[PDB]
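One letter stands for each residue in the lines below.
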Amino acid sequence: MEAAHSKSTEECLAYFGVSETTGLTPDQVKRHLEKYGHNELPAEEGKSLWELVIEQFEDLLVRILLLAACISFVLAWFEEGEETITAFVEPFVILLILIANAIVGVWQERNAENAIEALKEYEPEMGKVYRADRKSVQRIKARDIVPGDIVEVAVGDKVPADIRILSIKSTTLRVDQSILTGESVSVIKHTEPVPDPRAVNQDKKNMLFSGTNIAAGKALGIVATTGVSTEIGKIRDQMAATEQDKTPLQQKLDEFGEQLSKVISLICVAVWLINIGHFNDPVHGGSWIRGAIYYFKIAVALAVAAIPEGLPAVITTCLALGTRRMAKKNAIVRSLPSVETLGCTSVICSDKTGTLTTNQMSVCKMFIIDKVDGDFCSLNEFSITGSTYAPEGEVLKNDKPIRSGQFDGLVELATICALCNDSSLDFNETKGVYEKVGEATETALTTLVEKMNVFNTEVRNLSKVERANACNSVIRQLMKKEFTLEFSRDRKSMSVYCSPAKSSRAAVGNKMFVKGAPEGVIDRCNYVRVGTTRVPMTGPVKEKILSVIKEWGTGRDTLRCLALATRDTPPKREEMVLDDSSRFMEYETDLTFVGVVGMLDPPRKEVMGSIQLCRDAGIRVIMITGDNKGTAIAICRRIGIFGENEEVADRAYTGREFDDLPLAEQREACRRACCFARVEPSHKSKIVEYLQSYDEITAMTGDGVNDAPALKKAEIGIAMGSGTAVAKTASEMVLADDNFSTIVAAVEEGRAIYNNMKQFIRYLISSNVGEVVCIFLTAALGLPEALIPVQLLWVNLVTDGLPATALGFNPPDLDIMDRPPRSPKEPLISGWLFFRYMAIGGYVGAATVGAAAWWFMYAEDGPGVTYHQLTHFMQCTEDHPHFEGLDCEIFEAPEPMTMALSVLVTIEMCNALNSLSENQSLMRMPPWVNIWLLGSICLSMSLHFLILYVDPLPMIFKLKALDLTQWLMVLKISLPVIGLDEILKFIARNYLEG
Ligand SMILES: C/C=C(/C)C(=O)O[C@H]1C(C)=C2[C@H]([C@@H]1OC(=O)CCCCCCC)[C@@](C)(OC(C)=O)C[C@H](OC(=O)CCC)[C@@]1(O)[C@H]2OC(=O)[C@@]1(C)O
Ligand code: ALF
Ligand SMILES: [K+]
Ligand SMILES: [Mg+2]
């Protein structure tokens, strides 16, 4: 049943054909259960342990590396009786890595809580219906409730379905709709139609929403919709349908892998065409299958050399250590990759209540009457500090602390706030904080009374538990509450009837203490209290008082105001009927006006400063709130989202106002406006979505169930530590300390980490470029492989891996939070840097394939010198009469490869130094700038020696240690790379773009 809020109660009953004092028949119920399904949200679930595995092996490079593993295995498997024990190390090492990465990957997504399951906690097990077969209420499974059911709800119940209210049995029905609005304040429901077809939930005051809860009262309603077709079901479906995108870094790595496979492919083709010569004229030595082995071994080397197999381990270690640092600063990061993304955030969307504000209703201003001069009325106003329910803060007069007990009017004001009150305060020993008990707007009064301490009660030595209600309790010793006249909608006030305590000297005669909306209370006052005296309420005095209250309720204050009053001569108890709320207004007449309090949900102390810092880093902050627009804007001013006197006509919108914009202009409003108010959960995700349609990296911060869809949609969702479990499980990060500052620190950490990540990514991928040149050079010439997969794997995983990690700890730039965010489309390597890496790529390949040639030739030992024969060594077998003075095997000597590996290693170590800064010479930024980098190079080098000098390492790697002369050469060949890159940095620094 749709449009329930705009139908009348009669139309809702006539729609389902049911009577409110009978309800559906059990056969109707069965029929509805078949037609509408059960009243429950489906569970999300999925992702089997096995399918986590499968997904680890769908990555393109992983496939390519896996393919090389099997090709390697097939080759290693069918080998001669030469050495068939160290043959398989190649395949297994490759397979080991892939398996290693995978198991790690699956552990990263295994532990992931379901936000939808947390949502299911707002779903009561049981509900109450009237159905036709019984007169009395039936307690049933909420999942068996159907549209058309007559349903009953009462104080403390979770609402079981979406329900049109039919009849309110108590004096008021008070509902906490925070799951839809983020606001815990009681909504006072009624049963009249709400004609606006576009009413938001906040406007639907005749509806009860599944998953909200009744703070007071009792009512009957009729179920309009169940299951997914409810407001909470829409939150559930939005979460189900969202859906985390690859991070900007992931996308660049994916694109890299795609382009890498094309490059590998084209090169393989090339090696084939380069050998189309030895095709029709291959001697037939020969040919046979020797070609398959040869060609495929080149494929395996090309694959291995092209792929930074150490990178995934390097990135994971970086992100994991980053996560630990963040946790020290109180940002708990649930998604590793999100460590990066946070850094290039360009817009932070934020919920208000409990996120930008404390969610602790606080009385911050109050006044009483100092004197009346017939027509002139002098008010005595105070302000009160403190922003939480903690009884910490002071009462100020003109910004200086006063003792409230100095003023009789304040004594009476506190008395009313203490006695006319159904709430209290509690110190929660487990959480270490004060919490409200009952309604926020009443607990505000309790807290105010504890701050005022009008009898100067000694409180410094109470435990926090006892401190919570100490001053209120003192007032309860003076006046005994006999009974309460509860709030009703007709009069918008409530009162309590009290008598002086036995033996009290401080007063005589019974009193009613009244509080409520100012207009109706003041209209009912015939007097005004001035200290201990009272004078008549005149028109001019009433007007001055109402005007000031009106100012407090609007503009920059926009406080919620209560007028406080006393009936000095109440009716006699026995002349009052307590069972008919319709009489309460008359009982609360001939009142004496005492004073007014003004309260708000205030900004967290750190927020204004943090927003400024975000602004310094080029980051916009946008408030998106379920609260009213007047409040939203006033809070925006207090925290500096708007200027105090800024005109916000097109910078602030309700969700509805926003919806009324043409689609083209909704998008632009998202770039211009910084305040959205009175929204529904789906407005927030919509705004986030529009922001993202400008390709901005968008964060969302909040604490409520109603924030969850936006928290899911944003690239980075950020939940408050003390907020709902739903918002937390929807988030990439949790602020454990509720401190908004932490977001700024997290952004900075993300920027710092990303700056280092791209150096180690630059470092590793550029080595692969040099390695591929090597493999290709040592093929297009017909030379005996200068490097083999096992050696390439050690370098890319360990030798270069350690320095890559060290670079992850380069000192951060000091101006980091003064730059605007990086563009998420920024290439890791482009332009000058690109060709620069081509030049090192060329240098690396020639230097490596060269060192080996040097050994085959100019080296003393020194087969040696061959020239034409080196590039035809596969013919030492058959055509031997030419290969004289040398063994048909000296072309598989370890020395040449060891020269080549040592050159590669030494170059990659120098290149690790070059990678400390993109454009600064080591002369301006020296190695010791990163102590752990030097440490890592010493380690990699001592590992290189390990493999050169410790059996059977050299056998499995096919290496033979070198002497001082061979090393002397390793250095001459290698060290110039530092000179090469210093010159390339030099030009880039000056001529190019400097
Ligand atoms: C790593 C080993 C090489 C062989 C390779 O395949 O990488 C290329 C390729 C995939 C790109 C290139 C490499 O292209 C070459 O330079 C070809 C050299 C070898 C060809 C024949 C030599 C015998 C990168 C490496 O080369 C530079 C450094 O000169 C730069 C950059 O890479 C990045 O920006 C890293 C992204 C994480 C990418 O052009 C990248 O592809 C694009 O999508 C980007 C944006 O990725
Ligand atoms: F706390 Al809100 F919008 F949910 F301000
Ligand atoms: K998200
Ligand atoms: Mg909130």
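Residues numbered from 1 in each chain as written, not as in the entry; some residues may be left out. Chains lettered and ligands numbered in written order. Heavy atoms only, no water.

Determination of this PDB entry was carried out by X-ray crystallography to a resolution of 2.20 Å, according to the record.

### Considerations on the coordination of the potassium ion (ligand 3)
Every protein donor of the potassium ion (ligand 3) is listed here as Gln-244 (OE1), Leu-711 (O), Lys-712 (O), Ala-714 (O) and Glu-732 (OE), and their distances to the metal cover 2.7 to 3.1 Å. Sequence positions of the residues that donate to the potassium ion (ligand 3) give the spacing Q-x466-L-K-x1-A-x17-E. One end of the pair, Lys-712, is in helix α26 (residues 708–713); the other, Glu-732, is in the loop between α27 (725–729) and β30 (733–735), with 20 residues separating them in the sequence. Take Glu-732: its relative accessible area is 10%, and that puts it in the buried class. (Donors = N, O, S within 2.8 Å, 3.2 Å for Na, K, Ca; no water. Helix = DSSP H or I, 4+ residues; strand = E, 2+ residues; numbered from the N terminus. Buried < 20%, exposed > 50% of the residue type's maximum accessible area, 1.4 Å probe, protein only.)

### Quick word on the coordination of the magnesium ion (ligand 4)
Coordination of the magnesium ion (ligand 4) by the protein comes from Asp-351 (OD), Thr-353 (O) and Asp-703 (OD), over a distance range of 2.2 Å. Each donor residue of the magnesium ion (ligand 4) belongs to the same chain, with the gaps between them written as D-x1-T-x349-D. Residue classification places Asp-351 among the buried positions, given a relative accessible area of 2%.

### As for the site of ligand 1
Taken together, the neighbourhood of ligand 1 is formed by 20 residues, with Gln-259, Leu-260, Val-263, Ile-829 and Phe-834 sitting nearest. One of the backbone N or O atoms of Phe-834 is found 3.2 Å from an oxygen atom in ligand 1. Burial of ligand 1 by the protein amounts to 85% of the accessible area it has alone, namely 860 Å². Of all the secondary-structure elements, those providing two or more residues to the shell around ligand 1 are α9 (248–273), α28 (741–780) and α31 (831–856). In terms of residue class, the shell around ligand 1 is made up of 16 nonpolar, 2 polar and 2 charged. (Near = heavy atom within 4 Å. Polar contact = N/O pair within 3.5 Å; in protein donor to acceptor, adjacent residues only side chain to side chain. Areas by Shrake-Rupley, 256 points an atom, 1.4 Å probe, with all protein chains shown as cover. Nonpolar A, V, L, I, M, F, W, Y, C, P; charged D, E, K, R; others polar.)

### Thoughts on the site of ligand 2
Taken together, the residues surrounding ligand 2 are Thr-181, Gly-182, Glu-183, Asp-351, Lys-352, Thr-353, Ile-624, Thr-625, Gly-626, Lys-684 and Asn-706. A class-by-class count of the residues in the shell around ligand 2 yields 1 nonpolar, 6 polar and 4 charged. The residue makeup of the shell around ligand 2 includes at least three contributed by each of domain 1 (12–54 + 113–240) and domain 3 (346–358 + 603–745). (Domains from an automatic or database assignment.)

### As for the sheet that holds strand β5 (residues 174–176)
Two orientations exist for strands paired in a sheet by backbone hydrogen bonds: parallel and antiparallel. Read from one edge to the other, the open sheet built from 3 strands follows the order β6-β5-β8, with strand pairing classed as antiparallel. In this open sheet, the two edge strands, each paired with only one partner strand, are β6 (187–188) and β8 (213–216). Relative to β6, β5 runs antiparallel, the two sharing 2 bridges. Following the sheet pairing, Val-175 is matched in β6 by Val-187. (Pairing = 2+ DSSP bridges.)

### A short note on the pattern of salt bridges
Opposite charge on two side chains allows them to pair when their charged atoms are near. Evaluation of the coordinates by the stated rule reveals 46 salt bridges. Salt-bridge contacts for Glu-183 lead to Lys-352; the nearest nitrogen and oxygen are separated by 4.0 Å. Of the two residues, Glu-183 sits in the loop between α7 (178–181) and β6 while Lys-352 sits in the loop between β11 (347–350) and β12 (362–373), which places them 169 residues apart along the sequence. Comparing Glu-183 with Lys-352 shows no difference in burial state: the two are buried. Overlapping salt bridges bring together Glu-412, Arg-529, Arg-534 and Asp-568 as one network. (Salt bridge = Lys/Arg side-chain N within 4 Å of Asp/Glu carboxyl O.)

### Some remarks on the UniProt feature "binding site: Mg(2+)" in the protein chain
When the UniProt feature table is mapped to this numbering, "binding site: Mg(2+)" covers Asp-351, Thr-353 and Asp-703. Across 353 residues in sequence, these annotated residues keep their C-alpha atoms within 8.1 Å of one another, forming a single compact spot. Take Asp-351: it is sitting in the loop between β11 and β12. Dropping the residues within four chain positions of it, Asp-351 is found in contact with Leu-356, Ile-624, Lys-684, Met-700, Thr-701, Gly-702, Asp-703 and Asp-707. On the secondary structure map, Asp-703 appears in the loop between β28 (698–702) and α26. Residue contacts for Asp-703: discarding those within four places in its chain leaves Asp-351, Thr-353, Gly-354, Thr-355, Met-720, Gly-723, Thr-724 and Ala-727. Polar side-chain contacts of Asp-703 include one of 3.5 Å to the side chain of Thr-355. (UniProt positions renumbered as here; feature names shortened; annotations may be inferred. Contact = heavy atoms within 4.5 Å.)

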